[PDB]
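Read the numbers this way: they start at 1 and go in the same order the structure lists the ligands and their atoms. FYI, the numbering just counts along the sequence from 1.
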Amino acid sequence: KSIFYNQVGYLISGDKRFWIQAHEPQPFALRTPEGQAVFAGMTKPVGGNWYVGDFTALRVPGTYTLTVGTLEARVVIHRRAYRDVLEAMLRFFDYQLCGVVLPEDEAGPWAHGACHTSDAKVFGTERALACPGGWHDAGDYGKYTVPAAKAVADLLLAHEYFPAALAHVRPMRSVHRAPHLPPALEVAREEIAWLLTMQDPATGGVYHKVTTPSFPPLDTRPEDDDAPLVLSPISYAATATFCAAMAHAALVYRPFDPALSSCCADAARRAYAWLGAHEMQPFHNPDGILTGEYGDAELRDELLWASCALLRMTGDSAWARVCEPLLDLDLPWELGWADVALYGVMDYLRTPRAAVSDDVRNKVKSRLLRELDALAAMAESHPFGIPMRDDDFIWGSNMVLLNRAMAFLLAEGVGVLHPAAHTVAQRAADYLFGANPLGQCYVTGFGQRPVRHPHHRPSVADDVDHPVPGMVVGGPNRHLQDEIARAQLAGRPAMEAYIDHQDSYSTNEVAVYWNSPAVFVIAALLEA
Ligand SMILES: OC[C@H]1O[C@@H](O[C@H]2[C@H](O)[C@@H](O)[C@H](O[C@H]3[C@H](O)[C@@H](O)[C@H](O[C@H]4[C@H](O)[C@@H](O)[C@@H](O)O[C@@H]4CO)O[C@@H]3CO)O[C@@H]2CO)[C@H](O)[C@@H](O)[C@@H]1O
Ligand SMILES: OC[C@H]1O[C@@H](O)[C@H](O)[C@@H](O)[C@@H]1O
Ligand SMILES: [Ca+2]
Ligand SMILES: [Zn+2]
């Protein structure tokens, strides 16, 4: 038996909760490290077989010993408890940089020379094309347009919403250009710059991904990976998500990098022209390409996002003719990577009210509220207070969770203020940092039970026991979609369907689009 808690820490002014498996209320105490009790209370039932202890009213910063029954845990309370972990989570993006020297003074053990520097060949042609830069998507070295757009969107949103919190962190500053932009925008620019090179100049269409034809060994260092790079065909989804992301970037970078902003604005417009002239064809891996497909049969949510993004970028009411009918569809309103309608909803809602139909706008806001109410209900019935059900624990469940937390916080910027918003955010972070049935901190390098063996090639290649820090893992996946999970996790409840093993890619991989909602949510909490 043990105490389950936020292993990174708690905010002075934030909610403070711990969990234990018990069958009745027990007293508990928080004590200074010399041992004197500073706070005492009683645990209370929350379902399954869980009790919780609330020590929110302890406001004095320090490292305390939580004791309950015969168990003890070490809990930290601090003004900005999540500053280190947010910085690590943002630095992950720079650790993923492709085609750039990462020096040892910035990147420590994981420093390396520029990787994947060769030109990629366009699929089914002899043509070559340079598209250097950007991020290795995940545990592999491929760069995929569709998930890249979500990661960029999320970082841009975190800058718009929580610039003060983000001002307190430092990326790998010396690998980026001077004069230095604010942290989120500095980091995001490297991906935006890469995305721009994935657009076909002749048509406006965007290539779906650039990868080697297959995955290299788990042991491969990035600079050792010398297989030819292949540009997979142009896709509707890539072109639409590129459009939306570039349109978002055009607005955000206006006062920071006017050349980039103007360049993104025009690229978004050329992408949208491509969408207008082409069919909504789902992407499938071409033959001889075995890397991540990032396919998606439903493409109207991507068009929605592209259209709403351009609406807000231009402020032209003309775009609302095409947006508002897409906003009426029964699409799921989610934050990607495949179901991206809520990004579009947010662009629509953050457009000047004069540019849109007031009728439609209030209906959109009403639906957003009903959605949040539904998520809030899930959270009430869950023992750890997270907006999740057992069936939500799929591949990348940590992202499912963080996107839901993100939705509550995004809504507060568009006049939909749900009372559960900040509780949900705190519970999400608590869960991510150890307040779960496995007592598992799902970020590398933090907490008392960190992730130690992520499915991540740079980590596997150097030290298989000490990985790159600040990486958020996929989390429990009840579908057991790799050999290690099938072997070791059959019959376990959904939230326990995780294993810290380097070969469990379906529960223990990492991704730029899993760090990006975590950056947003943790930034929100830091803005205390
Ligand atoms: O199965 C029932 C359940 O499915 C839900 O959709 C899930 C789906 O189950 C799952 O297979 C899929 O997993 C994706 C994952 O989202 C994606 O992040 C991951 O990305 C890989 C990539 O393919 C690799 O190239 C690489 O670089 O690593 C990354 C990170 O692991 O790939 C897998 C498989 O392609 O996720 C779906 C969600 O989009 C349904 O939503 C639900 O309704 C069903 O009940
Ligand atoms: O199914 C996709 C998975 O395949 C594995 O072989 C790769 O190592 C992972 O990077 C990838 O997520
Ligand atoms: Ca879609
Ligand atoms: Zn690379």
Side-chain angles (χ1 to χ4, degrees), residues 95-102 112-118 120 131-144 146-151 194 209-212 214-216 220-227 229 232 235-238 240-241 244 280 282-283 285 289-306 326 329 331-344 389-400 403 454-458 471-475 477-482 494 504-514:
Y95 276 113
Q96 293 289 88
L97 279 169
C98 185
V100 313
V101 168
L102 298 180
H112 68 81
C115 48
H116 306 102
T117 46
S118 69
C131 30
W135 299 318
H136 302 138
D137 180 72
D140 75 314
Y141 300 127
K143 310 191 277 196
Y144 310 79
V146 170
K150 157 160 184 65
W194 167 72
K209 57 174 180 169
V210 57
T211 67
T212 51
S214 62
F215 293 111
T220 310
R221 283 192 197 276
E223 68 277 38
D224 295 344
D225 178 22
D226 291 317
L229 294 174
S232 285
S235 79
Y236 192 95
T241 59
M280 290 187 164
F283 180 86
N285 264 338
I289 304 303
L290 303 165
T291 51
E293 202 172 70
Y294 290 100
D296 176 29
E298 176 53 70
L299 297 166
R300 290 173 292 172
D301 53 298
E302 284 78 6
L303 184 58
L304 188 163
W305 183 19
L326 298 164
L329 299 172
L331 294 171
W333 278 9
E334 283 170 11
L335 291 168
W337 56 267
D339 300 284
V340 296
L342 187 62
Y343 288 111
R389 290 168 183 181
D390 278 354
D391 75 318
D392 292 317
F393 292 92
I394 59 173
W395 200 320
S397 58
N398 285 158
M399 189 203 61
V400 177
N403 283 348
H455 188 88
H456 178 64
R457 282 170 181 77
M471 310 194 287
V472 173
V473 294
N477 175 3
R478 74 201 276 263
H479 298 276
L480 307 187
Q481 308 179 263
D482 68 70
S504 186
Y505 51 79
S506 87
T507 83
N508 210 32
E509 189 154 14
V510 301
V512 295
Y513 56 92
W514 298 340

Nearest non-hydrogen partners of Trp305 and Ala149, listed with the distance: CH2-O, 4.1 Å
Closest contact, heavy atoms only, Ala238 versus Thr241: O-OG1, 3.4 Å
Return the closest protein heavy atom for [atom] as residue, atom name and distance.
| atom | result |
| --- | --- |
| atom 18 (O) of ligand 1 | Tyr513 OH, 2.7 Å |
| atom 30 (C) of ligand 1 | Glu509 OE1, 3.4 Å |
| atom 7 (C) of ligand 1 | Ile394 CD1, 4.2 Å |
| atom 27 (O) of ligand 1 | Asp140 OD1, 2.4 Å |
| atom 29 (C) of ligand 1 | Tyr294 OH, 3.6 Å |
| atom 16 (O) of ligand 1 | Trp337 NE1, 3.2 Å |
| atom 3 (C) of ligand 1 | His479 NE2, 4.1 Å |
| atom 36 (O) of ligand 1 | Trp395 CB, 4.1 Å |

Measuring to protein heavy atoms, does anything land under 4.0 Å from [atom]?
| atom | result |
| --- | --- |
| atom 44 (C) of ligand 1 | no |
| atom 21 (C) of ligand 1 | yes |
| atom 11 (O) of ligand 1 | yes |

Would you say the side chain of [Y] lies within less than 4.5 Å of the side chain of [X], judging by non-hydrogen atoms?
| X | Y | value |
| --- | --- | --- |
| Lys143 | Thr211 | no |
| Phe215 | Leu290 | no |
| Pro458 | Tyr95 | no |
| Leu480 | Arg478 | no |

Return yes if a side-chain donor-acceptor contact under 3.5 Å exists between [X] and [Y], otherwise no.
| X | Y | result |
| --- | --- | --- |
| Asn477 | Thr507 | no |
| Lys209 | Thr291 | yes |
| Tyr343 | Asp301 | no |
| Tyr144 | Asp140 | yes |

At what distance, to the nearest 0.5 angstrom, does [atom1] of [X] lie from [atom2] of [Y]?
| X | Y | atom1 | atom2 | value |
| --- | --- | --- | --- | --- |
| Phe393 | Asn398 | CZ | CG | 8.5 Å |
| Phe283 | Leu299 | CZ | CG | 12.5 Å |
| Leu331 | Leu342 | CG | CG | 12.0 Å |

Name of whichever N/O/S atom of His136 is nearest to the Zn ion (ligand 4):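 Restricting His136 to its N, O and S atoms, the minimum distance to the Zn ion (ligand 4) goes to NE2.
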Nearest to the Zn ion (ligand 4) - the N/O/S atom of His116, by atom name: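 Relative to the Zn ion (ligand 4), the closest nitrogen, oxygen or sulfur of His116 carries the name ND1.
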What atoms of ligand 1 come within less than 4.0 Å of a heavy atom belonging to [X]?
| X | answer |
| --- | --- |
| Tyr144 | 25 (O), 27 (O) |
| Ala138 | 27 (O), 28 (O) |
| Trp514 | 18 (O), 30 (C), 31 (O) |
| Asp137 | 27 (O) |
| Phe215 | 25 (O) |

Applying a 4.0 Å heavy-atom criterion (strictly less than), which segment of [X] is in contact with ligand 1: side chain, backbone, both, or neither?
| X | result |
| --- | --- |
| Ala338 | neither |
| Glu293 | neither |
| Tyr141 | neither |

Any donor-acceptor pair under 3.5 Å from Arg457 side chain to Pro216 backbone: yes
Contact (N/O only, under 3.5 Å) between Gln481 and ligand 1: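 Checking ligand 1 against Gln481, an N or O pair does fall under 3.5 Å apart.
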OE1 (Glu302) - the Ca ion (ligand 3) - OD2 (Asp301) angle, nearest 10°: 80°
Atom name of the N, O or S atom in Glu298 that lies nearest to the Ca ion (ligand 3):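 Looking at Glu298, the N, O or S atom with the least distance to the Ca ion (ligand 3) is O.
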The Ca ion (ligand 3) - name of the N/O/S atom of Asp296 that sits closest to it: OD2
The Ca ion (ligand 3) to nearest N/O/S of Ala338 less than 3.0 Å: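 Yes, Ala338 qualifies, because one of its backbone or side-chain N, O or S atoms lies under 3.0 Å.
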Salt-bridge contact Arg300-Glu302 (side-chain N to carboxylate O under 4.0 Å): no
